[PDB]
Amino acid sequence: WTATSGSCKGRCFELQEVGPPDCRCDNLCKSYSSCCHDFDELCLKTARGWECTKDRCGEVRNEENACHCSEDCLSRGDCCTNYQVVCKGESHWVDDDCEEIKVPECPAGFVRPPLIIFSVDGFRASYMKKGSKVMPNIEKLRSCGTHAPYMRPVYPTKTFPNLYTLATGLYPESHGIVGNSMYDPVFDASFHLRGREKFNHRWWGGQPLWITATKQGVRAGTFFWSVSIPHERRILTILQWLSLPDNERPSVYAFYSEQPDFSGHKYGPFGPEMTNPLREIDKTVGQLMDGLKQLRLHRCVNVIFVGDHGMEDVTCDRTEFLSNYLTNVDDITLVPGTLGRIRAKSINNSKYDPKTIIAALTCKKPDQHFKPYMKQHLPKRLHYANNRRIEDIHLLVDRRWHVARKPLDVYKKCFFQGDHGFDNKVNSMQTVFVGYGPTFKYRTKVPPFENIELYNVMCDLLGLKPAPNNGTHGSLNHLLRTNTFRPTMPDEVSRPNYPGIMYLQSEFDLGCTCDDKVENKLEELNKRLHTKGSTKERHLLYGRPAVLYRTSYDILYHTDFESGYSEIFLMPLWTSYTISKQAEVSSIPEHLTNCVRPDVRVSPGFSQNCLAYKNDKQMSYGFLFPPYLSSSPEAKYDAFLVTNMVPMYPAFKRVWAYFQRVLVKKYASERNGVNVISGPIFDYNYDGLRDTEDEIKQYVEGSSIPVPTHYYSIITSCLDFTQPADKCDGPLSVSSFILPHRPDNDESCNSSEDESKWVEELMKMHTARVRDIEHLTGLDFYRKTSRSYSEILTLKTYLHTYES
Ligand SMILES: *[C@@H]1O[C@H](CO)[C@@H](O[C@@H]2O[C@H](CO)[C@@H](O[C@H]3O[C@H](CO[C@H]4O[C@H](CO)[C@@H](O)[C@H](O[C@H]5O[C@H](CO)[C@@H](O)[C@H](O)[C@@H]5O[C@H]5O[C@H](CO)[C@@H](O)[C@H](O)[C@@H]5O)[C@@H]4O)[C@@H](O)[C@H](O[C@H]4O[C@H](CO)[C@@H](O)[C@H](O)[C@@H]4O[C@H]4O[C@H](CO)[C@@H](O)[C@H](O)[C@@H]4O)[C@@H]3O)[C@H](O)[C@H]2NC(C)=O)[C@H](O)[C@H]1NC(C)=O
Ligand SMILES: O=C1N=C(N2CCCC2)S/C1=C\c1ccc(Oc2ccccc2)cc1
Ligand SMILES: [Ca+2]
Ligand SMILES: [Cl-]
Ligand SMILES: [K+]
Ligand code: NA
Ligand SMILES: [Zn+2]
């Protein structure tokens, strides 16, 4: 109930919302059906429009007008944004040459540069270049401030997940808004774009920027606007707030535009009807910048022009129907569209089975435009598993396509030409970032970054301590002139052991055999030097990874590779080796095909054994350092040590052997050498974090050898590829992957063909940031380089996307 008999007199767009049943006058009262009876009359005036004309100059103040051109309006802070241009001979902001803002130039009483966020829905990244002719204001912000070629949204590339990710710095699995439509089984409640459940605060996790500011004494304007409030009124409200007295004036604000997303759905991303929405966005930006100039704030405020996601060409005829795949269509609930989420229609149905659903959706049609996943098998870069609102069964839908349950859902629920929601590495889903102001850099282009990183920067801009989030604080320091956050490397928690030769061969009973008894002072001092680390500078280029948790492990040196061997997990946590451009690929000699050798540096009790692999009919093994890349026949025996062995399904060994035999050499040729760090990952609860020992759900049969869920590799080289990987003087270049360790290749529909037709495609889909691997392993890489730590943090957040 709301007693709407109160009045908004003197309360238009008040900043604290008053509790029911007293009537509200804030910018969200419409959305709650709770405004006072006179809100429209007093707070949403429209008379005479939004622009001063020559004849309105010096007028007598008429309070009925939407904005004012009278002489007192600057003091009252309610001029039309073009007042000084029309009435006082001033120029529009966009017509001024841009001049470097070296220091904040603020009116007295401003304690910090205000932050104004200008967020645009569906602003695809290529609009900045393709629409530049009709967006002069936005183009001046872009070219004179700091900008990225594009900003990567989060998956799913929907509106609410990405807006709340921007506000919190969290993956949607963590902040809880995992789609535009959700069902929460603990609540037994459903979240929808239309309706009032979405207003319930239990859906919204984390701590968004406006809460972080408020709790630390930084006042915030209210970020959200009821849809019927026109853009001109939102701009005027923000400008009016900026004229408030110092003790009442907010320091952070947000404007939101439902365009160009609204038209993009109707006409497609580049339909001829899209030019006018782009013009109107720019005009609104011009009004804000003109308004800031009037208030003498255009060289004081930091402005962020940021989008939530892009837009793709999608039509009704490009729809896949689950009725063409499933017999039991009526027993599932499908969350449809640019992604698919499937669950049982009724929890009292125990004839429901996800295994048969997935199989019926797997590689069933030659041109199939979606791929089913159990959510824990989705690429780890999507970080879309660890929430009860994310259904076990997920469909990754091809760009430009939709998935629906039945054909009647599409014509009884074409009427659209654009949509979004696809995989967040898709080019059409990318969106924009521009930073403009005293704290941002001048005329600076920064590399693409992910929108999860913005929350830290916005906290930096306001002097706030960020709540715990998924950005890497300091990775965007290169965007800022000042206010940078200078992080320290995390301290290493576990220091390694350096075992020498401590065990005789006969102490081992592992069931392993190797034909290695075929057998100097020349190359016997040499092999001693290698086992003591004499080639470690070549294969450990950036220092040893730091172990950031309490564990027991050994450093093992070899001619061709170095490893950190875990005595808890009975396998390396990491294996590091350098492959130069000139390195040659050899084969595994016939007599060494099944060779596995005890490591006389590591006790039998802390070693794997070959008998377990023999007895386990499902599990084979592979090697982290590849025997194919041994530098010499004698060095190849090191690659068969029991301490270099990891459990692998035979189906995965197809992938791994092709990567080790073919791709590493190809990358070394293309990048002028590469350094490779490979290892296992255990994430059985799919939370993105390293599993403790008591969370492992599968072992090699009859043993304590834990089975990894994933295998990673970090492949580093010199950004200036005229320099070899091991003699690099400047910035580095990296690509990484987190390959799921699966007993089948059902994910790859062409896997019965040669590995040259499908393996690299699979690896590209599971590309990863170094930072993702750090979360999954508890390791810290790149500890010893010549580069600044902030640059290294940027490198760790880089994602090689393989888009064009
Ligand atoms: C991205 O960044 C985020 C943020 O840093 C990070 O997420 C954090 O991960 C932490 C480790 O997993 C986790 O730590 C403790 O969580 C609870 C307390 O959490 C509550 O308090 C915080 C602080 O305000 C809230 O933010 C949090 O909100 C969560 O839950 C709400 C719904 O309940 C929801 O609004 C919100 O979205 C958020 O949900 C998300 O996180 C939860 C997990 O908290 C998931 O379940 C959701 O799916 C969603 O993803 C909560 O309100 C502590 O109680 C934990 O302590 C455990 O474990 C300890 C292990 O050392 C142990 O010492 C304790 O005894 C305790 O165990 C108890 O519970 C066990 C399991 O229930 C039980 O077996 C045992 O017997 C015992 O009873 C954690 O120490 C943070 O909460 C979490 N924060 C957020 C905001 O998510 C992400 O990890 C990264 N992502 C990546 C990839 O890096
Ligand atoms: O007024 C609004 N109407 C909205 N709608 C959603 C679809 C239907 C109407 S969202 C909205 C405002 C809003 C402003 C800022 C937000 O957080 C950010 C964004 C960028 C950077 C930092 C923080 C989040 C939301
Ligand atoms: Ca885990
Ligand atoms: Cl959704
Ligand atoms: K086996
Ligand atoms: Na297959
Ligand atoms: Zn949309």
# chains A, B, ... in the order shown; residues from 1 in each chain; ligands from 1
>>> select_by_dssp(residues="stretch 406-492 of chain A", states="strand (DSSP E)", output="compact mmCIF listing (two decimals) with N, CA and C atoms, in the first residue's frame")
# COMPACT_ATOMS: atom_id res chain seq x y z
N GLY A 418 17.57 -8.52 -34.30
CA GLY A 418 18.81 -8.53 -33.55
C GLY A 418 18.60 -9.15 -32.19
N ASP A 419 19.68 -9.71 -31.65
CA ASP A 419 19.68 -10.23 -30.29
C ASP A 419 21.11 -10.38 -29.82
N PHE A 433 34.25 1.07 -24.10
CA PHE A 433 34.67 1.82 -22.92
C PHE A 433 35.41 3.07 -23.35
N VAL A 434 35.02 4.21 -22.78
CA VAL A 434 35.77 5.46 -22.89
C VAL A 434 35.86 6.08 -21.51
N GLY A 435 37.05 6.53 -21.13
CA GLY A 435 37.24 7.30 -19.92
C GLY A 435 37.75 8.70 -20.24
N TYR A 436 37.12 9.72 -19.66
CA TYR A 436 37.46 11.10 -19.97
C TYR A 436 37.43 11.92 -18.69
N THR A 444 44.81 8.43 -25.16
CA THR A 444 45.47 7.16 -24.91
C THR A 444 44.56 6.00 -25.32
N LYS A 445 45.14 5.05 -26.05
CA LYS A 445 44.47 3.81 -26.42
C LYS A 445 45.03 2.69 -25.56
N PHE A 449 39.97 -4.98 -22.49
CA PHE A 449 39.93 -5.57 -21.16
C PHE A 449 38.52 -6.04 -20.86
N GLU A 450 38.38 -6.79 -19.77
CA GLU A 450 37.09 -7.34 -19.37
C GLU A 450 36.37 -6.40 -18.41
>>> residues_around(residues="stretch 58-72 of chain A", least_positions_apart="3", cutoff="10 Å", atoms="only C-alpha atoms", output="ChimeraX atom specification")
/A:41-55,75-84,86-88,232-233,236
>>> write_last_selection(atoms="N, CA and C atoms", output="PDB file, in the first residue's frame")
ATOM      1  N   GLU A  41       3.309  16.467 -12.299  1.00  0.00           N
ATOM      2  CA  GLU A  41       3.148  17.909 -12.460  1.00  0.00           C
ATOM      3  C   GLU A  41       4.408  18.660 -12.042  1.00  0.00           C
ATOM      4  N   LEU A  42       4.937  18.349 -10.862  1.00  0.00           N
ATOM      5  CA  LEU A  42       6.063  19.087 -10.301  1.00  0.00           C
ATOM      6  C   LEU A  42       7.420  18.579 -10.779  1.00  0.00           C
ATOM      7  N   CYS A  43       7.584  17.267 -10.952  1.00  0.00           N
ATOM      8  CA  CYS A  43       8.907  16.703 -11.187  1.00  0.00           C
ATOM      9  C   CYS A  43       9.168  16.290 -12.627  1.00  0.00           C
ATOM     10  N   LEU A  44       8.132  16.142 -13.450  1.00  0.00           N
ATOM     11  CA  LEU A  44       8.331  15.727 -14.834  1.00  0.00           C
ATOM     12  C   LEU A  44       7.798  16.778 -15.798  1.00  0.00           C
ATOM     13  N   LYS A  45       8.131  18.040 -15.548  1.00  0.00           N
ATOM     14  CA  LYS A  45       7.693  19.116 -16.425  1.00  0.00           C
ATOM     15  C   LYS A  45       8.299  18.957 -17.815  1.00  0.00           C
ATOM     16  N   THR A  46       7.520  19.329 -18.833  1.00  0.00           N
ATOM     17  CA  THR A  46       7.962  19.257 -20.219  1.00  0.00           C
ATOM     18  C   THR A  46       7.739  20.538 -21.006  1.00  0.00           C
ATOM     19  N   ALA A  47       7.080  21.543 -20.428  1.00  0.00           N
ATOM     20  CA  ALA A  47       6.687  22.731 -21.177  1.00  0.00           C
ATOM     21  C   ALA A  47       7.889  23.405 -21.828  1.00  0.00           C
ATOM     22  N   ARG A  48       7.708  23.814 -23.084  1.00  0.00           N
ATOM     23  CA  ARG A  48       8.663  24.540 -23.920  1.00  0.00           C
ATOM     24  C   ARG A  48       9.849  23.686 -24.349  1.00  0.00           C
ATOM     25  N   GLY A  49       9.869  22.395 -24.030  1.00  0.00           N
ATOM     26  CA  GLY A  49      10.946  21.542 -24.496  1.00  0.00           C
ATOM     27  C   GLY A  49      12.211  21.650 -23.658  1.00  0.00           C
ATOM     28  N   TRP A  50      13.328  21.252 -24.271  1.00  0.00           N
ATOM     29  CA  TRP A  50      14.585  21.064 -23.563  1.00  0.00           C
ATOM     30  C   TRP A  50      15.676  22.038 -23.980  1.00  0.00           C
ATOM     31  N   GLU A  51      15.401  22.947 -24.909  1.00  0.00           N
ATOM     32  CA  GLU A  51      16.428  23.827 -25.446  1.00  0.00           C
ATOM     33  C   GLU A  51      15.989  25.278 -25.342  1.00  0.00           C
ATOM     34  N   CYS A  52      16.929  26.141 -24.966  1.00  0.00           N
ATOM     35  CA  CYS A  52      16.683  27.574 -25.040  1.00  0.00           C
ATOM     36  C   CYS A  52      16.692  28.028 -26.491  1.00  0.00           C
ATOM     37  N   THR A  53      15.827  28.986 -26.801  1.00  0.00           N
ATOM     38  CA  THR A  53      15.853  29.696 -28.066  1.00  0.00           C
ATOM     39  C   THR A  53      16.154  31.161 -27.791  1.00  0.00           C
ATOM     40  N   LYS A  54      16.475  31.885 -28.863  1.00  0.00           N
ATOM     41  CA  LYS A  54      16.955  33.254 -28.722  1.00  0.00           C
ATOM     42  C   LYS A  54      15.975  34.117 -27.935  1.00  0.00           C
ATOM     43  N   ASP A  55      14.674  33.912 -28.145  1.00  0.00           N
ATOM     44  CA  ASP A  55      13.669  34.743 -27.494  1.00  0.00           C
ATOM     45  C   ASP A  55      13.444  34.392 -26.028  1.00  0.00           C
ATOM     46  N   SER A  75      22.380  30.128 -10.999  1.00  0.00           N
ATOM     47  CA  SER A  75      22.371  30.024  -9.541  1.00  0.00           C
ATOM     48  C   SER A  75      21.455  28.900  -9.077  1.00  0.00           C
ATOM     49  N   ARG A  76      20.265  28.806  -9.676  1.00  0.00           N
ATOM     50  CA  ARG A  76      19.324  27.741  -9.354  1.00  0.00           C
ATOM     51  C   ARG A  76      19.779  26.390  -9.888  1.00  0.00           C
ATOM     52  N   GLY A  77      20.722  26.380 -10.829  1.00  0.00           N
ATOM     53  CA  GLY A  77      21.220  25.140 -11.396  1.00  0.00           C
ATOM     54  C   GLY A  77      20.248  24.408 -12.296  1.00  0.00           C
ATOM     55  N   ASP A  78      19.308  25.120 -12.921  1.00  0.00           N
ATOM     56  CA  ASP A  78      18.284  24.474 -13.733  1.00  0.00           C
ATOM     57  C   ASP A  78      18.125  25.140 -15.097  1.00  0.00           C
ATOM     58  N   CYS A  79      19.214  25.646 -15.673  1.00  0.00           N
ATOM     59  CA  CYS A  79      19.163  26.085 -17.059  1.00  0.00           C
ATOM     60  C   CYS A  79      19.006  24.888 -17.989  1.00  0.00           C
ATOM     61  N   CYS A  80      18.455  25.148 -19.172  1.00  0.00           N
ATOM     62  CA  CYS A  80      18.604  24.200 -20.265  1.00  0.00           C
ATOM     63  C   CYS A  80      20.085  24.078 -20.611  1.00  0.00           C
ATOM     64  N   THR A  81      20.501  22.873 -21.016  1.00  0.00           N
ATOM     65  CA  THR A  81      21.928  22.614 -21.178  1.00  0.00           C
ATOM     66  C   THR A  81      22.576  23.505 -22.237  1.00  0.00           C
ATOM     67  N   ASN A  82      21.794  24.070 -23.156  1.00  0.00           N
ATOM     68  CA  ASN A  82      22.314  24.938 -24.206  1.00  0.00           C
ATOM     69  C   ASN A  82      22.138  26.420 -23.887  1.00  0.00           C
ATOM     70  N   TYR A  83      21.836  26.751 -22.630  1.00  0.00           N
ATOM     71  CA  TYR A  83      21.556  28.136 -22.264  1.00  0.00           C
ATOM     72  C   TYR A  83      22.729  29.054 -22.590  1.00  0.00           C
ATOM     73  N   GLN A  84      23.938  28.679 -22.163  1.00  0.00           N
ATOM     74  CA  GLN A  84      25.084  29.554 -22.389  1.00  0.00           C
ATOM     75  C   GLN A  84      25.415  29.685 -23.870  1.00  0.00           C
ATOM     76  N   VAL A  86      23.144  29.551 -26.490  1.00  0.00           N
ATOM     77  CA  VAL A  86      22.134  30.373 -27.145  1.00  0.00           C
ATOM     78  C   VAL A  86      22.144  31.795 -26.595  1.00  0.00           C
ATOM     79  N   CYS A  87      22.263  31.944 -25.274  1.00  0.00           N
ATOM     80  CA  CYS A  87      21.992  33.222 -24.623  1.00  0.00           C
ATOM     81  C   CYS A  87      23.232  34.001 -24.206  1.00  0.00           C
ATOM     82  N   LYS A  88      24.388  33.350 -24.050  1.00  0.00           N
ATOM     83  CA  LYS A  88      25.579  34.033 -23.556  1.00  0.00           C
ATOM     84  C   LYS A  88      26.769  33.899 -24.505  1.00  0.00           C
ATOM     85  N   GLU A 232      16.369  13.508 -21.425  1.00  0.00           N
ATOM     86  CA  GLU A 232      16.661  14.905 -21.123  1.00  0.00           C
ATOM     87  C   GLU A 232      16.420  15.212 -19.652  1.00  0.00           C
ATOM     88  N   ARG A 233      15.380  14.610 -19.065  1.00  0.00           N
ATOM     89  CA  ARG A 233      15.090  14.842 -17.654  1.00  0.00           C
ATOM     90  C   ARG A 233      16.136  14.178 -16.764  1.00  0.00           C
ATOM     91  N   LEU A 236      19.147  16.519 -16.802  1.00  0.00           N
ATOM     92  CA  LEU A 236      18.890  17.710 -15.997  1.00  0.00           C
ATOM     93  C   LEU A 236      18.884  17.383 -14.508  1.00  0.00           C
TER      94      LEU A 236
END
>>> residues_near_ligand(ligand="ligand 4", cutoff="10 Å", atoms="only C-alpha atoms and all ligand atoms", output="JSON list (two decimals) with N, CA, C and O atoms, in the first residue's frame")
[["chain", "number", "residue", "atom", "x", "y", "z"],
["A", 155, "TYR", "N", 29.60, -13.53, -19.75],
["A", 155, "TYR", "CA", 28.60, -14.46, -20.24],
["A", 155, "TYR", "C", 27.57, -14.74, -19.14],
["A", 155, "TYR", "O", 27.93, -14.90, -17.98],
["A", 156, "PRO", "N", 26.27, -14.80, -19.48],
["A", 156, "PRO", "CA", 25.68, -14.55, -20.81],
["A", 156, "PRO", "C", 25.67, -13.07, -21.12],
["A", 156, "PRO", "O", 25.47, -12.24, -20.23],
["A", 157, "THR", "N", 25.86, -12.69, -22.38],
["A", 157, "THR", "CA", 25.94, -11.28, -22.75],
["A", 157, "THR", "C", 24.53, -10.68, -22.81],
["A", 157, "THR", "O", 24.07, -10.15, -23.82],
["A", 158, "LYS", "N", 23.85, -10.77, -21.67],
["A", 158, "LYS", "CA", 22.54, -10.17, -21.43],
["A", 158, "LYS", "C", 22.70, -8.89, -20.61],
["A", 158, "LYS", "O", 23.78, -8.58, -20.09],
["A", 159, "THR", "N", 21.59, -8.16, -20.47],
["A", 159, "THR", "CA", 21.65, -6.81, -19.93],
["A", 159, "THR", "C", 21.89, -6.82, -18.42],
["A", 159, "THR", "O", 22.86, -6.22, -17.93],
["A", 160, "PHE", "N", 21.00, -7.46, -17.66],
["A", 160, "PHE", "CA", 21.14, -7.44, -16.20],
["A", 160, "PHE", "C", 22.41, -8.12, -15.69],
["A", 160, "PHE", "O", 23.05, -7.55, -14.79],
["A", 161, "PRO", "N", 22.83, -9.29, -16.18],
["A", 161, "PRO", "CA", 24.11, -9.84, -15.72],
["A", 161, "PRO", "C", 25.28, -8.90, -15.96],
["A", 161, "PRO", "O", 26.18, -8.81, -15.11],
["A", 177, "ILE", "N", 23.00, -12.74, -10.56],
["A", 177, "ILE", "CA", 22.13, -12.42, -11.70],
["A", 177, "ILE", "C", 22.72, -13.16, -12.89],
["A", 177, "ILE", "O", 23.46, -12.61, -13.71],
["A", 178, "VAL", "N", 22.36, -14.44, -13.01],
["A", 178, "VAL", "CA", 22.98, -15.31, -14.00],
["A", 178, "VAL", "C", 22.24, -15.30, -15.32],
["A", 178, "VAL", "O", 22.66, -15.99, -16.26],
["A", 179, "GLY", "N", 21.14, -14.56, -15.43],
["A", 179, "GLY", "CA", 20.46, -14.38, -16.69],
["A", 179, "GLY", "C", 19.39, -13.32, -16.54],
["A", 179, "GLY", "O", 19.16, -12.79, -15.45],
["A", 180, "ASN", "N", 18.75, -12.98, -17.67],
["A", 180, "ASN", "CA", 17.58, -12.12, -17.58],
["A", 180, "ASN", "C", 16.38, -12.84, -16.98],
["A", 180, "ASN", "O", 15.46, -12.19, -16.47],
["A", 181, "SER", "N", 16.38, -14.17, -17.03],
["A", 181, "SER", "CA", 15.34, -15.01, -16.46],
["A", 181, "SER", "C", 15.99, -16.07, -15.58],
["A", 181, "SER", "O", 16.96, -16.71, -15.99],
["A", 182, "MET", "N", 15.46, -16.26, -14.37],
["A", 182, "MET", "CA", 16.07, -17.18, -13.42],
["A", 182, "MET", "C", 15.00, -17.86, -12.59],
["A", 182, "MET", "O", 13.94, -17.29, -12.32],
["A", 192, "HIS", "N", 12.17, -12.37, -13.34],
["A", 192, "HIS", "CA", 11.82, -12.03, -14.72],
["A", 192, "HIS", "C", 12.09, -10.56, -14.98],
["A", 192, "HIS", "O", 12.09, -9.73, -14.06],
["A", 193, "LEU", "N", 12.32, -10.24, -16.26],
["A", 193, "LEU", "CA", 12.49, -8.85, -16.68],
["A", 193, "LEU", "C", 11.27, -8.01, -16.32],
["A", 193, "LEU", "O", 11.40, -6.90, -15.80],
["A", 335, "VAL", "N", 14.92, -22.51, -20.60],
["A", 335, "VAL", "CA", 15.16, -21.07, -20.69],
["A", 335, "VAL", "C", 15.73, -20.80, -22.08],
["A", 335, "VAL", "O", 16.86, -21.21, -22.37],
["A", 336, "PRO", "N", 14.97, -20.15, -22.97],
["A", 336, "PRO", "CA", 15.31, -20.16, -24.40],
["A", 336, "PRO", "C", 16.10, -18.95, -24.90],
["A", 336, "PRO", "O", 16.36, -18.00, -24.16],
["A", 337, "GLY", "N", 16.49, -18.99, -26.18],
["A", 337, "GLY", "CA", 17.01, -17.80, -26.82],
["A", 337, "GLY", "C", 18.43, -17.95, -27.35],
["A", 337, "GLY", "O", 18.75, -18.94, -28.00],
["A", 338, "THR", "N", 19.27, -16.95, -27.06],
["A", 338, "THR", "CA", 20.67, -16.97, -27.46],
["A", 338, "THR", "C", 21.52, -17.86, -26.57],
["A", 338, "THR", "O", 22.71, -18.03, -26.84],
["A", 339, "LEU", "N", 20.93, -18.42, -25.51],
["A", 339, "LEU", "CA", 21.52, -19.49, -24.73],
["A", 339, "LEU", "C", 20.40, -20.44, -24.33],
["A", 339, "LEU", "O", 19.22, -20.08, -24.37],
["A", 340, "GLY", "N", 20.77, -21.66, -23.94],
["A", 340, "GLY", "CA", 19.80, -22.62, -23.48],
["A", 340, "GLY", "C", 20.11, -23.15, -22.10],
["A", 340, "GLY", "O", 21.26, -23.52, -21.81],
["A", 341, "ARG", "N", 19.11, -23.15, -21.22],
["A", 341, "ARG", "CA", 19.22, -23.73, -19.88],
["A", 341, "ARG", "C", 18.04, -24.67, -19.69],
["A", 341, "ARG", "O", 16.89, -24.26, -19.87],
["A", 390, "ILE", "N", 21.92, -21.65, -11.95],
["A", 390, "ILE", "CA", 22.39, -22.08, -13.26],
["A", 390, "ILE", "C", 22.08, -23.57, -13.40],
["A", 390, "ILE", "O", 22.58, -24.39, -12.62],
["A", 421, "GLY", "N", 23.50, -12.32, -26.18],
["A", 421, "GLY", "CA", 23.49, -13.32, -25.13],
["A", 421, "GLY", "C", 24.55, -14.38, -25.34],
["A", 421, "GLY", "O", 24.84, -15.17, -24.44]]
>>> closest_atom_pairs(of="stretch 354-433 of chain A", to="stretch 734-740 of chain A", cutoff="12 Å", atoms="only C-alpha atoms", output="JSON lines")
{"residue": "A:373", "atom": "CA", "partner": "A:740", "partner_atom": "CA", "distance": 11.9}
{"residue": "A:374", "atom": "CA", "partner": "A:740", "partner_atom": "CA", "distance": 11.9}
{"residue": "A:376", "atom": "CA", "partner": "A:740", "partner_atom": "CA", "distance": 9.4}
{"residue": "A:377", "atom": "CA", "partner": "A:740", "partner_atom": "CA", "distance": 6.8}
{"residue": "A:378", "atom": "CA", "partner": "A:740", "partner_atom": "CA", "distance": 8.7}
{"residue": "A:379", "atom": "CA", "partner": "A:738", "partner_atom": "CA", "distance": 7.8}
{"residue": "A:380", "atom": "CA", "partner": "A:738", "partner_atom": "CA", "distance": 6.9}
{"residue": "A:381", "atom": "CA", "partner": "A:738", "partner_atom": "CA", "distance": 8.4}
{"residue": "A:382", "atom": "CA", "partner": "A:738", "partner_atom": "CA", "distance": 11.5}
>>> residues_near_ligand(ligand="ligand 6", cutoff="7 Å", atoms="only C-alpha atoms and all ligand atoms", output="PyMOL selection string")
chain A and resi 745-752
>>> closest_atom_pairs(of="chain A", to="ligand 2", cutoff="8 Å", atoms="only C-alpha atoms and all ligand atoms", output="tab-separated table")
residue	atom	partner	partner_atom_place_in_ligand_line	distance
A:117	CA	ligand 2	21 (C)	5.8
A:118	CA	ligand 2	20 (C)	7.2
A:119	CA	ligand 2	20 (C)	5.4
A:159	CA	ligand 2	7 (C)	6.5
A:160	CA	ligand 2	6 (C)	6.3
A:163	CA	ligand 2	24 (C)	4.9
A:164	CA	ligand 2	17 (O)	5.9
A:165	CA	ligand 2	18 (C)	7.9
A:166	CA	ligand 2	22 (C)	4.9
A:167	CA	ligand 2	23 (C)	3.7
A:168	CA	ligand 2	23 (C)	7.5
A:193	CA	ligand 2	8 (C)	7.4
A:208	CA	ligand 2	23 (C)	7.5
A:209	CA	ligand 2	23 (C)	6.5
A:223	CA	ligand 2	14 (C)	4.5
A:224	CA	ligand 2	1 (O)	3.4
A:225	CA	ligand 2	1 (O)	3.6
A:226	CA	ligand 2	1 (O)	6.2
A:227	CA	ligand 2	9 (C)	6.3
A:254	CA	ligand 2	14 (C)	5.3
A:255	CA	ligand 2	14 (C)	6.0
A:256	CA	ligand 2	1 (O)	4.9
A:257	CA	ligand 2	1 (O)	7.3
A:258	CA	ligand 2	9 (C)	6.7
A:304	CA	ligand 2	21 (C)	7.7
A:306	CA	ligand 2	20 (C)	6.3
A:307	CA	ligand 2	20 (C)	7.4
A:308	CA	ligand 2	20 (C)	7.5
A:454	CA	ligand 2	21 (C)	7.4
A:455	CA	ligand 2	22 (C)	6.9
A:458	CA	ligand 2	22 (C)	7.6
>>> residues_around(residues="residue A:98", least_positions_apart="5", cutoff="9 Å", atoms="only C-alpha atoms", output="number ranges by chain")
A: 93, 140, 144
>>> residues_around(residues="stretch 696-707 of chain A", least_positions_apart="3", cutoff="12 Å", atoms="only C-alpha atoms", output="number ranges by chain")
A: 510, 566-572, 605-621, 645-649, 680-686, 690-693, 710-711, 740-743
>>> closest_atom_pairs(of="chain A", to="ligand 7", cutoff="8 Å", atoms="only C-alpha atoms and all ligand atoms", output="JSON lines")
{"residue": "A:121", "atom": "CA", "partner": "ligand 7", "partner_atom_place_in_ligand_line": "1 (Zn)", "distance": 7.1}
{"residue": "A:122", "atom": "CA", "partner": "ligand 7", "partner_atom_place_in_ligand_line": "1 (Zn)", "distance": 6.1}
{"residue": "A:158", "atom": "CA", "partner": "ligand 7", "partner_atom_place_in_ligand_line": "1 (Zn)", "distance": 6.8}
{"residue": "A:159", "atom": "CA", "partner": "ligand 7", "partner_atom_place_in_ligand_line": "1 (Zn)", "distance": 6.4}
{"residue": "A:261", "atom": "CA", "partner": "ligand 7", "partner_atom_place_in_ligand_line": "1 (Zn)", "distance": 5.0}
{"residue": "A:262", "atom": "CA", "partner": "ligand 7", "partner_atom_place_in_ligand_line": "1 (Zn)", "distance": 6.4}
{"residue": "A:264", "atom": "CA", "partner": "ligand 7", "partner_atom_place_in_ligand_line": "1 (Zn)", "distance": 7.7}
{"residue": "A:265", "atom": "CA", "partner": "ligand 7", "partner_atom_place_in_ligand_line": "1 (Zn)", "distance": 6.4}
{"residue": "A:311", "atom": "CA", "partner": "ligand 7", "partner_atom_place_in_ligand_line": "1 (Zn)", "distance": 7.7}
{"residue": "A:419", "atom": "CA", "partner": "ligand 7", "partner_atom_place_in_ligand_line": "1 (Zn)", "distance": 6.3}
{"residue": "A:420", "atom": "CA", "partner": "ligand 7", "partner_atom_place_in_ligand_line": "1 (Zn)", "distance": 6.5}
>>> write_last_selection(atoms="C-alpha atoms", output="PDB file, in the first residue's frame")
ATOM      1  CA  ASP A 121      22.463  -0.687 -23.598  1.00  0.00           C
ATOM      2  CA  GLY A 122      23.498  -2.763 -26.601  1.00  0.00           C
ATOM      3  CA  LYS A 158      22.545 -10.169 -21.432  1.00  0.00           C
ATOM      4  CA  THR A 159      21.649  -6.811 -19.925  1.00  0.00           C
ATOM      5  CA  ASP A 261      19.598  -1.930 -27.765  1.00  0.00           C
ATOM      6  CA  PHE A 262      15.880  -1.250 -28.213  1.00  0.00           C
ATOM      7  CA  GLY A 264      18.885  -2.995 -32.474  1.00  0.00           C
ATOM      8  CA  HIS A 265      16.476  -5.783 -31.553  1.00  0.00           C
ATOM      9  CA  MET A 311      24.192  -6.849 -30.809  1.00  0.00           C
ATOM     10  CA  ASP A 419      19.675 -10.230 -30.294  1.00  0.00           C
ATOM     11  CA  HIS A 420      22.536 -10.904 -27.891  1.00  0.00           C
TER      12      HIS A 420
END
